[PDB]
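Asks: One structure, as structure tokens, below. Some questions next.
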Protein chains: 2
Amino acid sequence: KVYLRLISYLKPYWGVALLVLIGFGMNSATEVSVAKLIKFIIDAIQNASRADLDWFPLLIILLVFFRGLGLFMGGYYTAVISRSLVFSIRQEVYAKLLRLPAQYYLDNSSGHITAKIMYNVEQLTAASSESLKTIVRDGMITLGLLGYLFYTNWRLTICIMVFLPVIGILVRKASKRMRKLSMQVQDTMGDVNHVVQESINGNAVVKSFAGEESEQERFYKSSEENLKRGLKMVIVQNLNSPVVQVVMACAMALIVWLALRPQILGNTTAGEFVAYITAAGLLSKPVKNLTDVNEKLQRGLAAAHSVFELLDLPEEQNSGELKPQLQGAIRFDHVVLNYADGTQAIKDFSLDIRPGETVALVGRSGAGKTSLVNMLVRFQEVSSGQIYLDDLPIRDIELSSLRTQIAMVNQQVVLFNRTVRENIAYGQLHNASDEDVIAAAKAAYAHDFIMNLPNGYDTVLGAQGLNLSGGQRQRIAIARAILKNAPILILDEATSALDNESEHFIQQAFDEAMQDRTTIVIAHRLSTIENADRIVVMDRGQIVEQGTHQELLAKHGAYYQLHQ
Amino acid sequence: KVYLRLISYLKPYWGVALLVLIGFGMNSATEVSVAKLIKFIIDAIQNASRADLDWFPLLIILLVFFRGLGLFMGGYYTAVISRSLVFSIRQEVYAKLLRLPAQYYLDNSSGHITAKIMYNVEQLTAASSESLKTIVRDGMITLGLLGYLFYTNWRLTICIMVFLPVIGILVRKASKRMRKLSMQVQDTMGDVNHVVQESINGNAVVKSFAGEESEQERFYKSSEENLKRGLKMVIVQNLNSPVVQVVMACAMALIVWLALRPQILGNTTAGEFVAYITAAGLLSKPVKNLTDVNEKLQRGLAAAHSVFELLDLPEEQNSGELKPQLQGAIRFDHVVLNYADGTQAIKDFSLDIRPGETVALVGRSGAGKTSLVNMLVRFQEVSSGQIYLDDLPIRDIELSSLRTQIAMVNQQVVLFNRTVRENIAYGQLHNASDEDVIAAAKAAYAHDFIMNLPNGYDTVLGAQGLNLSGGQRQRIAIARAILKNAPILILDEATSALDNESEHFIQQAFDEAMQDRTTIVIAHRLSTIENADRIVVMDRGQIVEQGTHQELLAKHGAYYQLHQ
Ligand SMILES: CCCCc1ccc(S(=O)(=O)Nc2ccc(NC(=O)CCNC(=O)c3ccc(NS(=O)(=O)c4ccc(CCCC)cc4)c(C(=O)O)c3)cc2C(=O)O)cc1
Ligand SMILES: Nc1ncnc2c1ncn2[C@@H]1O[C@H](COP(=O)(O)OP(=O)(O)NP(=O)(O)O)[C@@H](O)[C@H]1O
Ligand SMILES: Nc1ncnc2c1ncn2[C@@H]1O[C@H](COP(=O)(O)OP(=O)(O)NP(=O)(O)O)[C@@H](O)[C@H]1O
């Protein structure tokens, strides 16, 4: 249950959880004394007393002081507990979100995912910090003053326990509706976030094709739906608070009718009954506030359900092992890549890559080039197969120990909005050295244009590194990959947008490194493949042919086709 | 001023803006009657009256009905007005955000921009919808009760107008502190959003380099800073509401001391003084509520300032013109691209492109390849130069009329998370035809794998179209570009990730189109450049050489270097 799990998050706050009770507890004892205060002043003034009459002024300053000190400490602690608990929620949510599999990222766009911690969790803050204080107040205060009301006269008060089911039904019935609608408005917000996020991502596409008008219609429709849902939610919530007062007002009228009969009014002591009316009003107000905060309470519950679903989602796994890979020799054996959608791209595959080799994959597009690499780094779980990395199961090695020792250059190079040095030295090697980055840049051929930048290595990039160049942005990935001195360098189309001269120097640097690795090259070119130790012709996953550059040319086959 | 401009947004709501006042006005009158109700009941009971005693119960259900009907109608209208106003804000904010220049997108990442409408505007909703009602109540009700208080006894009430400067200073002084801090917390949230958005974008990079631990520290630091700022803001708020009660409580103590002197107590008629105390308490409660909601009120103002800064930001411009471009002939003349950062890449450039030509740009990377293209589409304003599109100024043509008739293929292909058919037919041509998409796919060579997809042309893509393939994702851009039948096709590195076979068919289709255009090709290859009508060798912006494929080879120069 949502409520049960929330309590588990405030376990270390029990010591502070009772201080807030005391602070409002004194406040609960402050608003009950007013009923006694009115009776006391009426008795003193009615009897023309002077000793207890001139003493009244000191009783409101002292009384109000309790409405202050005690209200602040109790009122301020509510924010502390709720804000601290949410801080441990969003912070802990980030860990699982980062540890989630790449498949989850594919299914949900940035707008949907970001709204789940930026808005979903955000509403939980205002729905908990403000709601917890309001509910505990409109609780303990009402409880205390109603207990006092029972003590002064139990006979009349017991009549109040007749309409209680009516208020319960009017609130329970009026709460399930908002709970159902609360999840709907949150879902609509995700669509709103998705449209803006996609528009930001595709600004280049949006402006080029004059799609701004089309984007507005979808965003306008989503905003209209959200507004209608909010207005509908307001109708039910705002309709409940006045109604619950009407039934309580009828109860007050009935109890007054019962009490004010002449046979019961023989000796009333009006000062006593006016205290009763004041207590009744001081119950009516807090219950009205409790009914008003119903929307705030319900909003948090809907957010909590989605948050905990995200927490329970099936994140990645681990095995436990630590090895240096001794120049890991990757040996695929009957590996398949049956995707969730249904497409099959690694139907059949097998290799015996040896340490120090330069195996490269060449073939037609849409065959599984950048799909087999993912399972090597564990970005995609294997199906009906396994990989023997260093003559041992790949799964047995930890993800941290595996990804940290495998340099990668993705087809779509991603650059963070930070300084150039941080991007080149991003990751576990953020504290490598102040000169290692220079060596990596020189090897990658990026040590010529960085100095030409306005600031140099400490220049902040753009939104996604668009401001460097069409080709320079790619060199940053190569630079960081070479900086990461792992004995693996999967150059997955690393030299795609680079110029003829720039790529030639990078190939020369790779050849001259004199630190032979098991680098895998996936390039749609012959210059990089001409020097490959072994060339594997792959089409639709199946290995069409294998051999060296000379062997394939003599055999012709499919390689001869890709030689025009 | 923020307040002045906000009123301008509710101009058409003046008809409903007065109905809410009546609802609160009736509610305000109800709050007045309670003080009269206590006096009436005490006078009736004190005199042992029966005609006005048994009639009292009918004055509670009727009185509460006014606390209902009137509170609901006016209470629900507050949400309607505020929610409708914000709906016209976020909806109108979207238009300017989409019309903003590409430079603004570069400066601010997605997280900063998205948080300015998803959180900045979102806080304005709760800071206005639930704040406007609270201020209207803590106003009308208090004003009416105070007017009644003055009427019954003006002599005593006048003493209240001494502490008023004290409460004003305690509130005015405490308001600027939160206003300054309100902007700080909002700024911190933008950093929180930035980390999450960048992590979502770079999940491939984050996982590959084991950077999850590094990301957590930055996110953890931002969350801690936000929590500390919020806690500091909470201290200011909760420390104000009890204090204003203390000074007001002292005022009431002094006034009661002045009033209760024996000389003034000759004929007190206790029933009237208890009404005085009830009015005093029912004034204390709403002012406390006003102080409490001061926090939400201040939160909205900080958001409003940033929102209006975004609204006032310098969006793009327009001129006003319409033409078919008659196969627009591009004639660059003394064009420069002095960037905002400072780098220069179009130092010198001039051309006389003619209709039906196939001019292509070839040169070294980092020279200005994908920077001059932005001019023709107005993604970047020209400096100390101009472009004559159809022997007329480019600026004179409307942006919509210009972008809508210029097919573009950006180096970084962006695919939206939608169906394939919508993505291929995205933009002004969303209603082209049910068969034209097939022709475009066949021309681009994309009508071979789409049918092999799980659903086909109506299959939802991933977050950014990552699930097609490394090369297929590029073909979608080519498909939409060819579908858009403008007399321009700037193939800016269109064939980069495509294989040798796919690119050949696309080139053949372009040649066979038999619809000669002014297509511009920016490719680091020779297959597309061999058949180019004119080849321009560009280095560092300056035109190194011009001529046909045969001419450049004979002249050697830099072209001979780019031939190995
Ligand atoms: C200008 C100076 C400000 C500063 C200051 C000024 C003063 C101080 S102080 O030291 O004196 N402190 C207080 C003084 C007065 C007060 N207040 C009073 O006595 C009235 C209390 N409410 C009422 O009697 C009342 C009664 C019935 C009402 N409506 S009903 O009959 O329909 C109805 C009745 C029952 C139900 C539910 C039935 C469930 C069985 C439903 C409907 C209403 C209404 O309509 O709201 C109101 C409080 C304090 C304090 O301690 O909180 C301290 C500081
Ligand atoms: N927003 C920008 N801020 C600063 N410099 C920029 C910006 N955009 C481009 N440049 C520079 O302008 C020059 C041209 O780069 P670009 O627009 O990518 O064309 P290009 O480099 O010739 N194509 P490519 O070789 O694939 O990068 C380079 O020196 C870039 O660093
Ligand atoms: N997440 C996915 N969902 C569905 N199909 C996928 C997914 N990832 C890859 N595929 C398919 O698997 C095949 C392999 O594609 P991909 O992983 O891009 O390697 P590739 O096509 O050989 N490299 P490239 O030629 O540059 O695209 C293609 O048919 C893709 O459509």
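Values quoted throughout were computed directly from the atomic coordinates according to the rules given, and no laboratory measurement underlies them. Don't worry about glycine lacking a Cβ; one is built from the backbone with ideal geometry, like all the others, and counts go over all protein chains shown.
Asks: How well do other chains shield peptide B:362-369, expressed as the mean number of their Cβ atoms within 10 Å of each residue Cβ?
Replies: Numbers: counts 2, 1, 5, 15, 11, 3, 1, 5.
Counting other chains' Cβ atoms within 10 Å and averaging over B:362-369 gives 5.
Asks: Have a look at region A:2-312 and give its Rg and Dmax from the Cα atoms, expressed in angstrom.
Replies: When restricted to Cα atoms, region A:2-312 yields Rg and Dmax of 25.8, 89 Å.
Asks: Sum up the charges of everything whose Cβ sits under 10 Å from the Cβ of A:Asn410, counting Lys and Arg as +1 and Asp and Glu as -1, but leave A:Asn410 out.
Replies: Details: positive: none; negative: A:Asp492, A:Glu493.
With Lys, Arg at +1 and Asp, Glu at -1, the net is -2.
Asks: Are there DSSP H segments in chain B that both extend 30 Å or more along their axis (alpha-carbon positions) and score a mean Kyte-Doolittle hydropathy of at least -0.5? List them, or say none.
Replies: Details: long enough: B:14-46 (48 Å, 1.30); B:71-99 (42 Å, 0.54); B:120-152 (47 Å, 0.41); B:164-208 (63 Å, -0.06); B:212-238 (38 Å, -1.28); B:270-312 (61 Å, 0.27).
Counting only whole DSSP H runs, the qualifying helices are B:14-46, B:71-99, B:120-152, B:164-208, B:270-312.
Asks: A follow-up question, please. Charges only on Cβ, +1 for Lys and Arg, -1 for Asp and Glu: so what's the dipole of chain A about the Cα centre, in debye to the nearest 20? Mind showing how you got there, number by number?
Replies: Numbers: 53 positive and 55 negative charges, 689 e Å.
Rounded to the nearest 20 debye, it is 3300 debye.
Asks: Additional query: Could you tell me the largest-minus-smallest coordinate of the C-alpha atoms of the protein assembly as shown on each of the three principal axes, in descending order and whole angstroms?
Replies: The Cα atoms of the protein assembly as shown stretch 122, 70, 54 Å along their principal axes.
Asks: On to the next question. For Cα pairs less than 8 Å apart in space and 6+ apart in sequence, what is the mean separation divided by the residue count of chain B, i.e. the relative contact order in percent? Working shown, then result.
Replies: On the way: 722 pairs, mean separation 82.2, N = 564.
Relative contact order of chain B: 15 percent.
Asks: Measure up A:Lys288/B:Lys11; A:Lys1/A:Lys180; A:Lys207/B:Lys323; A:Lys36/A:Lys296 against 28 Å on the Cα-Cα distance and list the ones that go over.
Replies: Values: A:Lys288/B:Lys11 33 Å; A:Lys1/A:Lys180 16 Å; A:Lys207/B:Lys323 19 Å; A:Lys36/A:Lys296 33 Å.
From the list (A:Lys288/B:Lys11; A:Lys1/A:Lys180; A:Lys207/B:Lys323; A:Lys36/A:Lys296), the Cα-Cα distance tops 28 Å for A:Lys288/B:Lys11; A:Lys36/A:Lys296.
Asks: Compute the normalised compactness of region B:220-279: alpha-carbon radius of gyration over 2.2 N^0.38 Å, N being the residue count.
Replies: Working: Rg = 21.4 Å, N = 60, 2.2 N^0.38 = 10.4 Å.
Working it through for region B:220-279, the quotient is 2.06.
Asks: How far is it, in nm, from the label point at A:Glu217 to the one at A:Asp348 when both lie 7 Å from their Cα along the line to the Cβ?
Replies: Simple spin-label model gives 5.0 nm for this pair.
Asks: Same structure, new question: Which whole-number percentage describes the relative contact order of region A:330-561, with Cα contacts under 8 Å and a sequence gap of 6 or more?
Replies: Details: 402 pairs, mean separation 64.9, N = 232.
Normalised by residue count, the contact order of region A:330-561 is 28 percent.
Asks: Sort all Cα-Cα distances of region B:330-561 into consecutive 5 angstrom bins from zero, then give the percent of pairs in each bin up to the one containing the longest distance.
Replies: Going from the shortest bin to the longest, the percentages are 1, 6, 14, 18, 18, 16, 13, 8, 4, 1, 0.
Asks: Sticking with this structure for a sec: What full-extension length gain, to one decimal in nm, is calculated for B:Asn531 and B:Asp511 as 0.36 nm per residue of separation minus the Cα-Cα distance? Before the final figure, lay out the partial values.
Replies: On the way: separation 20, 0.36 × 20 = 7.20 nm, distance 0.92 nm.
Additional length available on full extension: 6.3 nm.
Asks: Ignoring everything except DSSP H segments at least 4 long, calculate the 222 nm mean residue ellipticity for the protein assembly as shown; use -39,500 (n - 2.57) per segment, divide by total residues, nearest 500. Don't jump to the answer; show the numbers that get you there.
Replies: On the way: 43 runs with 666 residues, N = 1128.
It comes out at -19500 deg cm²/dmol, rounded to the nearest 500.
Asks: If we count other beta carbons within 10 Å of each Cβ, what is the order of A:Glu213, A:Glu122, A:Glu435, fewest first? Display every interim value, and only then the final one.
Replies: Numbers: A:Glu213 13, A:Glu122 20, A:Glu435 8.
Ascending number of Cβ neighbours within 10 Å: A:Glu435, A:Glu213, A:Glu122.
Asks: Still on this structure, I have one more. Would you give the gap between the C-alpha center of region A:78-146 and the C-alpha center of region A:214-232, rounded to a whole Å?
Replies: Centre-to-centre (Cα) distance: 25 Å.
Asks: Which semi-axis lengths, in whole Å and largest first, follow from the square roots of five times the eigenvalues of the Cα gyration tensor of chain B? Don't skip to the end; give the middle numbers.
Replies: On the way: eigenvalues 1049, 121, 96 Å².
Ellipsoid semi-axes (Å, largest first): 72, 25, 22.
Asks: Using +1 at the C-beta of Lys and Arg and -1 at the C-beta of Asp and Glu, which of B:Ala280, B:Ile89, B:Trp14 has the Cα lying farthest in the positive direction of the dipole of region B:2-312?
Replies: Checked the options; the winner is B:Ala280.
Asks: Give the separation of the Cα centroids, region B:325-345 to region A:523-561, in Å.
Replies: One Cα centre to the other: 43 Å.
Asks: Quote the relative contact order of region A:2-312 in percent (integer), defining contacts as alpha-carbon pairs under 8 Å separated by 6+ residues. Show your work: numbers first, answer last.
Replies: Details: 261 pairs, mean separation 102.8, N = 311.
Relative contact order here is 33 percent.
Asks: Test of understanding: ordering A:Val234, A:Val460 by Cβ neighbours within 10 Å, fewest first, what list do you get? If you can, show how the numbers build up before the last one.
Replies: On the way: A:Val234 20, A:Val460 13.
Least to most surrounded, the residues fall as A:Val460, A:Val234.
Asks: Relative to the present Cα-Cα distance, how much length would full extension add between A:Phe163 and A:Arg418 at 0.36 nm per residue of separation? Can you show the working numbers first?
Replies: On the way: separation 255, 0.36 × 255 = 91.80 nm, distance 6.33 nm.
Roughly 85.5 nm would be gained on extension.
Asks: Can you give the % of DSSP beta bridges in the protein assembly as shown that are antiparallel, to the nearest 5?
Replies: On the way: 26 of 46 bridges.
Here the antiparallel bridges make up roughly 55 percent for the protein assembly as shown.
Asks: I need the Kirkwood Rh of region B:476-552: take the reciprocal of the average 1/r across all distinct C-alpha pairs and report it in angstrom. Kindly include the intermediate steps, with their values, before the conclusion.
Replies: Working: mean 1/r = 0.0738 Å⁻¹.
Every distinct Cα pair counted, the radius reaches 13.6 Å.
Asks: Give the chain B residue with the shortest beta-carbon distance to the rotation axis relating chain B to chain A, plus that distance as a whole number of Å.
Replies: Of all Cβ atoms in B, the one closest to the rotation axis yields B:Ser496, 3.
Asks: Kindly give the distances from B:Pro324 to its copy-mates, label point to label point, with each label point 7 Å from Cα along Cα→Cβ, as nm values to one decimal ordered shortest first.
Replies: Reported distances to equivalent positions: 7.3 nm.
Asks: Distance between Cα centroids, region B:451-493 to region B:1-72: provide it in whole Å.
Replies: For region B:451-493 versus region B:1-72, the Cα centre distance is 64 Å.
Asks: I've got another one for you. Would you mind computing, in nm to one decimal, how far apart the modelled labels at A:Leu62 and B:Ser319 are, each placed 7 Å from Cα along Cα→Cβ?
Replies: Each label point is offset 7 Å from its Cα along the Cβ direction, giving 8.4 nm.
Asks: At what distance in nm do the modelled label points of B:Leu553 and A:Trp154 sit from each other, each positioned 7 Å from its Cα along Cα→Cβ?
Replies: 11.1 nm
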